[PDB]
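To find a chain, count down the sequence lines: A is the first, B the second, and so on, and within it residues start at 1. Quick note: numbers below take in every heavy atom, side chains included, and nothing from hydrogens, waters or symmetry partners.
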Amino acid sequence: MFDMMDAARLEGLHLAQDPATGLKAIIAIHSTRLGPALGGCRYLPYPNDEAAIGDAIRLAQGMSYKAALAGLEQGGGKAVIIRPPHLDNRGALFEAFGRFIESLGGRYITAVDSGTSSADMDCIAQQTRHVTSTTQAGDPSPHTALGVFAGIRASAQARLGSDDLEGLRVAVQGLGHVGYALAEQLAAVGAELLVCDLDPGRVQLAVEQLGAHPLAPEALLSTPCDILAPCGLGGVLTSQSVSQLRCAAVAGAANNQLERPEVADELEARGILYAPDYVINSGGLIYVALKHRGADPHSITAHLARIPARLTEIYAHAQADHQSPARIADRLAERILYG
Amino acid sequence: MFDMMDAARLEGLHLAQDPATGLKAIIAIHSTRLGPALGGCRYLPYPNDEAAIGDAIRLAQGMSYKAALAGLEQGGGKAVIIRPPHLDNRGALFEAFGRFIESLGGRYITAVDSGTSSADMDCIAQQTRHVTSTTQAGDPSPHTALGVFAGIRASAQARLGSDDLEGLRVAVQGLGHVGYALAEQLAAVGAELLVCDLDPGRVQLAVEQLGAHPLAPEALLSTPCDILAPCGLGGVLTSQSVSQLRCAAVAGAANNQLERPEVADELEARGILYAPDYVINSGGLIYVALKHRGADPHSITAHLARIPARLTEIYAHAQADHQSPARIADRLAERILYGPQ
């Protein structure tokens, strides 16, 4: 596994296995230069171990970049639990996972992610305090939503010339907690709002309560609009979908929007501004992390307020270098993490 | 690596890589049921990662069995550090390893092993307290030899009716730090002491200083004797060598005496009592474990008694169950490690 670690420049890898509870856990710690590593925990089926390990490692490197550009005193980590087929007692499984976390003594702080819920974080909390997004904690989705909204304002400024959004066509792909909250902000501002989601009744709510113009999901990604906001599954941007984009900029809340790093040059080569997902969507991370360390309230507002400004700066550097803003963000992150 | 870990019932595997220092290190924590996990750090070349990782797993398991039968509030762990082809320098790497150990909060305590020395322990000592066998710490070889001595006395009783070694023929195969100290302990008991070793002066030393009979290195394992004490290389017990033995028991200090577990049964078939190596040679481990926790010399002696006590317990169940002592030992260990308590 050292080859995998070395390719990601991952500091440490930890595997725990416990047959009383069926726990098979991976905690990957990519960086702790800036602080303890924080990252969510996934509870998912996997074709095999090396896929689960590989997924934890790559995602943990993602967190280091996201935390580094959000200016936090936080490194990147990620946990992955391999979903059993049987499972008699989930909950007792997550209590073992919390003991696993404890054994690393605060080097890793956990969080929610695909397949886990604040329910499971409550069980984790029984065994360690290096956990966040408990049921007692908030739902941090609003902070993500407002961050991306700020970031869409900044992308329209850089790409179209004005940060005014009224009458702009903006397409919001996905109406989960974050996607709907973003759409709602967009309707209040008077954007021409286009929405899509797999749940037909989520779309109905957005048509009924936001005045959203509904679109089929296959059509949404290529409709002509000013700004496309991906807020669903990852990998939404492929070489294929980038060739059929009709927006002037891509700016959304979803994680891991780029299928491959190479796609960011396909976007720039078409002249479409791309807001690097891990910059524009960090609001949920900034709030959870600062609240978890008990930071000063002035510091929390200050960090959240910096997201659009960070985008502006990136956007300037990318212009000044005829480079994709994803390249600019990456190299910024590398210097912080590896300089 | 979960198939491996599940096979070995390994709690936890940990990996750290540091390209600045060249650290590629594995720490395998098999069990922490009886206490924090204690185990040597080996520093060796390896053909591939899967080889080193699998090594760490398998040795940490053995250490859990060894610590359990030794009666210690200790778990089993092992560190493996893949030796890079070109390194400058050593001390920085082991300082980085020291930081790796410290990151586990005392759940793992390291020690010297094949490839590492007390000097490397000294560098680890700069970054963590969870390290043993530094230069300032007392040699553990005497204690190993003393524990093997007591173990031999308990094999005499079980095999020959009493623990009196006076006038017994005991052949010691290997006269290193542990080897010779066992030989010295045996002469004083009043036993007829046969010896072999790769260095000849080692022999005439024991011949001169102990009354030993010099024996040819290549024919010691077949000489008529009451007890054979392997204190050299591992794997001296093979299907072939067991066929040629001319002793009543085997009880010595060497690690990994059994070339593979069948040998235990071939020894049972021949009626030769076999002292499970990792039980009889636990004395270095007991001493280091207890010193680290700061124990009085009385407490070390009492705990050292676990070797003869446990060997006697194993010999009794072995008789009652009509099984090899090697099999009894593993099942007792498993009872302690994975059973209820």
By side-chain hydrogen bond (donor to acceptor under 3.5 Å, both in side chains) - contacts of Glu11(A) (at least two apart): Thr32(A)
For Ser103(A), all residues meeting side-chain hydrogen bond (donor to acceptor under 3.5 Å, both in side chains), sequence neighbours excluded: none
Smallest separation among heavy atoms of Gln17(B) and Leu10(A), with atom names: NE2-O, 2.8 Å
Nearest-0.5 Å distance that lies between atom CG in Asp6(B) and atom NZ in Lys24(A):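 The NZ atom of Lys24(A) is 4.5 Å from CG of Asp6(B), to the nearest 0.5 Å.
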Do [X] and [Y] have side chains that get closer than 4.5 Å, going by heavy atoms?
| X | Y | value |
| --- | --- | --- |
| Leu15(B) | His14(A) | no |
| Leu104(B) | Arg107(A) | no |
| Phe2(A) | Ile26(B) | yes |

Trace of the side chain to side chain contact (heavy atoms under 4.5 Å, CB included) decision for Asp18(A) with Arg9(B): CA-CA 8 Å; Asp18(A) 171 27; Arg9(B) 295 205 64 165; over 6 Å; no
